[PDB]
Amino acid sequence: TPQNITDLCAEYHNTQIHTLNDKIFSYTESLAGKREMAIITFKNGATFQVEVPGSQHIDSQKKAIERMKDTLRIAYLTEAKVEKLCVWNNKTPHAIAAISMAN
């Protein structure tokens, strides 16, 4: 049972940690069919997605995907510093699995 985002990230294949220590520079969200997703960027250009829910996801992830888009939106609006993202690197943009925020 993970103590931190790095240990959590290590439990999965196709993942990596991005260390940002920066606020989110842009927040995009779509309701368009088959693109019901969010995209964030940081000021250096690095871009990340919350994937459209699909068959790669188990049912328990569905609530967590909605929570993650809520978290990214409020992090963006509050200018909260993102410490790290755990992402799947077999997608473009890389797909967010987890986020850590620290000051």
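Numbers follow the displayed sequence, beginning with 1.
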(message) Tell me which stretch, 84-92 or 14-22, has the higher mean Cα B-factor listed in the entry.
(response) 14-22
(message) Comparing average C-alpha B factors as deposited, tell me which of 51-59 and 66-74 sits higher.
(response) 51-59
(request) Could you look up the Cα B-factor of residue 28 in the entry and say which third of the chain it sits in: lowest, middle or highest? (result) middle
(request) State the tercile, meaning the lowest, middle or highest third, of residue 100 with respect to the CA B-factors recorded for its chain. (result) lowest
